[PDB]
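Heads up, my_file_0.pdb below (PDB, C-alpha atoms):
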```pdb
MODEL        1
ATOM      1  CA  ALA M  15     118.626  75.042  87.866  1.00  0.00           C
ATOM      2  CA  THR M  16     120.219  74.955  91.400  1.00  0.00           C
ATOM      3  CA  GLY M  17     118.054  75.987  94.348  1.00  0.00           C
ATOM      4  CA  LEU M  18     120.013  77.725  97.101  1.00  0.00           C
TER
ATOM      5  CA  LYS A 316     121.636  99.035  85.804  1.00  0.00           C
ATOM      6  CA  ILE A 317     123.669  97.320  88.512  1.00  0.00           C
ATOM      7  CA  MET A 318     121.945  97.094  91.861  1.00  0.00           C
ATOM      8  CA  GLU A 319     123.166  95.884  95.305  1.00  0.00           C
ATOM      9  CA  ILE A 320     121.280  93.416  97.429  1.00  0.00           C
ATOM     10  CA  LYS A 321     122.203  92.922 101.031  1.00  0.00           C
ATOM     11  CA  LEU A 322     120.306  89.909 102.507  1.00  0.00           C
ATOM     12  CA  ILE A 323     120.277  87.629 105.513  1.00  0.00           C
ATOM     13  CA  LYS A 324     120.101  83.928 104.892  1.00  0.00           C
ATOM     14  CA  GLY A 325     116.819  82.640 106.366  1.00  0.00           C
ATOM     15  CA  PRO A 326     116.454  79.117 107.696  1.00  0.00           C
ATOM     16  CA  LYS A 327     115.378  77.810 104.244  1.00  0.00           C
ATOM     17  CA  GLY A 328     118.362  79.386 102.503  1.00  0.00           C
ATOM     18  CA  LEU A 329     118.619  82.554 100.378  1.00  0.00           C
ATOM     19  CA  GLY A 330     115.400  81.469  98.635  1.00  0.00           C
ATOM     20  CA  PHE A 331     116.365  81.583  94.939  1.00  0.00           C
ATOM     21  CA  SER A 332     117.358  79.230  92.133  1.00  0.00           C
ATOM     22  CA  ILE A 333     120.152  79.781  89.539  1.00  0.00           C
ATOM     23  CA  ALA A 334     120.771  78.492  85.967  1.00  0.00           C
ATOM     24  CA  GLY A 335     123.613  79.409  83.561  1.00  0.00           C
ATOM     25  CA  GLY A 336     127.396  79.179  83.526  1.00  0.00           C
ATOM     26  CA  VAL A 337     130.144  78.285  80.985  1.00  0.00           C
ATOM     27  CA  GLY A 338     129.206  74.912  79.527  1.00  0.00           C
ATOM     28  CA  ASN A 339     125.653  75.425  80.747  1.00  0.00           C
ATOM     29  CA  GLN A 340     124.442  78.483  78.859  1.00  0.00           C
ATOM     30  CA  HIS A 341     121.014  79.720  79.967  1.00  0.00           C
ATOM     31  CA  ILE A 342     120.680  81.946  76.955  1.00  0.00           C
ATOM     32  CA  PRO A 343     122.341  80.865  73.689  1.00  0.00           C
ATOM     33  CA  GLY A 344     125.638  82.812  73.659  1.00  0.00           C
ATOM     34  CA  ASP A 345     125.537  83.692  77.363  1.00  0.00           C
ATOM     35  CA  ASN A 346     127.679  82.014  80.026  1.00  0.00           C
ATOM     36  CA  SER A 347     126.179  84.248  82.760  1.00  0.00           C
ATOM     37  CA  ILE A 348     124.428  83.284  86.015  1.00  0.00           C
ATOM     38  CA  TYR A 349     120.682  83.927  86.045  1.00  0.00           C
ATOM     39  CA  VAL A 350     117.978  83.795  88.657  1.00  0.00           C
ATOM     40  CA  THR A 351     115.174  81.519  87.538  1.00  0.00           C
ATOM     41  CA  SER A 352     112.890  81.388  90.553  1.00  0.00           C
ATOM     42  CA  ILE A 353     112.143  83.489  93.650  1.00  0.00           C
ATOM     43  CA  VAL A 354     110.812  81.185  96.374  1.00  0.00           C
ATOM     44  CA  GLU A 355     107.720  82.452  98.329  1.00  0.00           C
ATOM     45  CA  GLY A 356     108.528  83.990 101.697  1.00  0.00           C
ATOM     46  CA  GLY A 357     112.288  83.224 101.414  1.00  0.00           C
ATOM     47  CA  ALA A 358     115.063  85.733 102.215  1.00  0.00           C
ATOM     48  CA  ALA A 359     115.016  87.022  98.618  1.00  0.00           C
ATOM     49  CA  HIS A 360     111.276  87.268  98.319  1.00  0.00           C
ATOM     50  CA  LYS A 361     110.910  89.270 101.569  1.00  0.00           C
ATOM     51  CA  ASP A 362     113.695  91.726 100.529  1.00  0.00           C
ATOM     52  CA  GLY A 363     111.810  92.178  97.210  1.00  0.00           C
ATOM     53  CA  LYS A 364     114.728  93.418  95.080  1.00  0.00           C
ATOM     54  CA  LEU A 365     115.905  90.232  93.387  1.00  0.00           C
ATOM     55  CA  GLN A 366     114.028  89.232  90.317  1.00  0.00           C
ATOM     56  CA  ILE A 367     113.711  86.300  87.966  1.00  0.00           C
ATOM     57  CA  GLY A 368     115.811  87.073  84.886  1.00  0.00           C
ATOM     58  CA  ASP A 369     118.341  88.850  87.053  1.00  0.00           C
ATOM     59  CA  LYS A 370     121.983  88.199  86.248  1.00  0.00           C
ATOM     60  CA  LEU A 371     124.441  87.685  89.115  1.00  0.00           C
ATOM     61  CA  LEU A 372     127.653  89.623  88.823  1.00  0.00           C
ATOM     62  CA  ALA A 373     129.187  89.023  92.278  1.00  0.00           C
ATOM     63  CA  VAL A 374     128.331  87.437  95.591  1.00  0.00           C
ATOM     64  CA  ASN A 375     130.336  88.857  98.475  1.00  0.00           C
ATOM     65  CA  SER A 376     133.899  88.937  97.115  1.00  0.00           C
ATOM     66  CA  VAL A 377     133.333  86.190  94.504  1.00  0.00           C
ATOM     67  CA  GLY A 378     132.713  87.492  90.915  1.00  0.00           C
ATOM     68  CA  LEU A 379     130.228  85.265  88.992  1.00  0.00           C
ATOM     69  CA  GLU A 380     130.896  86.492  85.461  1.00  0.00           C
ATOM     70  CA  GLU A 381     132.157  83.726  83.157  1.00  0.00           C
ATOM     71  CA  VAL A 382     132.168  80.804  85.502  1.00  0.00           C
ATOM     72  CA  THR A 383     130.876  77.242  85.727  1.00  0.00           C
ATOM     73  CA  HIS A 384     127.469  76.555  87.213  1.00  0.00           C
ATOM     74  CA  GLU A 385     129.210  74.531  89.855  1.00  0.00           C
ATOM     75  CA  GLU A 386     131.584  77.381  90.744  1.00  0.00           C
ATOM     76  CA  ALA A 387     128.535  79.671  91.162  1.00  0.00           C
ATOM     77  CA  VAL A 388     126.671  77.174  93.300  1.00  0.00           C
ATOM     78  CA  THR A 389     129.771  76.599  95.424  1.00  0.00           C
ATOM     79  CA  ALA A 390     130.289  80.358  96.000  1.00  0.00           C
ATOM     80  CA  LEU A 391     126.621  80.930  96.679  1.00  0.00           C
ATOM     81  CA  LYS A 392     126.701  78.160  99.326  1.00  0.00           C
ATOM     82  CA  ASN A 393     129.932  79.149 100.904  1.00  0.00           C
ATOM     83  CA  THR A 394     127.953  82.041 102.318  1.00  0.00           C
ATOM     84  CA  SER A 395     127.587  82.985 105.948  1.00  0.00           C
ATOM     85  CA  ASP A 396     124.343  84.654 107.000  1.00  0.00           C
ATOM     86  CA  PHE A 397     125.119  88.030 105.595  1.00  0.00           C
ATOM     87  CA  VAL A 398     124.990  87.981 101.777  1.00  0.00           C
ATOM     88  CA  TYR A 399     125.920  90.741  99.404  1.00  0.00           C
ATOM     89  CA  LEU A 400     124.719  90.154  95.801  1.00  0.00           C
ATOM     90  CA  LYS A 401     125.704  92.432  92.906  1.00  0.00           C
ATOM     91  CA  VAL A 402     123.146  92.019  90.093  1.00  0.00           C
ATOM     92  CA  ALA A 403     122.361  93.393  86.624  1.00  0.00           C
ATOM     93  CA  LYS A 404     118.801  93.961  85.490  1.00  0.00           C
ATOM     94  CA  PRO A 405     117.566  92.834  81.990  1.00  0.00           C
ATOM     95  CA  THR A 406     117.518  94.918  78.712  1.00  0.00           C
TER
ENDMDL
END
```
Using structure tokens, write down the structure that the file contains.
Amino acid sequence: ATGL
Amino acid sequence: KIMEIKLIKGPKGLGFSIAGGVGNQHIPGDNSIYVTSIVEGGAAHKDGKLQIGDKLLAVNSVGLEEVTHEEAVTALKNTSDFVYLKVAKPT
């Protein structure tokens, strides 16, 4: 789950 | 139920998390990119359109349908200030  | 989101990257980023991608299925059977968290006060929160469980179709020119997580993250991060997101809404 990448936070950008 | 495709909608368009035009946003402006805040200082803290676009303010959302993604999951999904070929080899990284978020839903069994589904290689798609999916929004899993809308961060309080961030660009995306303040615009109000983007939603958890949203599927990302495109970001600017870069289609996000059937791609690796890492390709999605790269494209999402290669973004300027002005961000166009094409999304699909659930069910």
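In this model, the gap between atom CA of residue 364 of chain A and atom CA of residue 381 of chain A comes to 23.2 Å.
A straight line drawn from atom CA of residue 377 of chain A to atom CA of residue 391 of chain A is 8.8 Å long.
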Item checked: Ground truth for the PyMOL selection byres ((chain A and resi 387) around 9), written as number ranges by chain -> A: 333, 336, 348, 374, 377-379, 382-386, 388-392
Sorted by chain and rising residue number, list the residues of chain A at most 7 Å from chain M (counting only C-alpha atoms), each with its closest atom pair and distance in Å to one decimal, as a tab-separated table.
```
residue	atom	partner	partner_atom	distance
A:328	CA	M:18	CA	5.9
A:329	CA	M:18	CA	6.0
A:330	CA	M:18	CA	6.1
A:331	CA	M:18	CA	5.7
A:332	CA	M:17	CA	4.0
A:333	CA	M:16	CA	5.2
A:334	CA	M:15	CA	4.5
```
Item checked: For atom CA of residue 352 of chain A and atom CA of residue 367 of chain A, the interatomic separation in Å (one decimal) -> 5.6 Å
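Closest approach to residue 403 of chain A among A:380, A:351, A:316, A:344 is made by A:316 (distances from only C-alpha atoms).
Surrounding residues of (123.6, 94.5, 102.3) at most 12 Å away are residues 318, 319, 320, 321, 322, 323, 324, 359, 362, 364, 374, 375, 396, 397, 398, 399, 400 and 401 of chain A (based on only C-alpha atoms).
Residue nearest residue 335 of chain A within the list A:363, A:357, A:368, A:405: A:368 [criterion: smallest interatomic distance, only C-alpha atoms].
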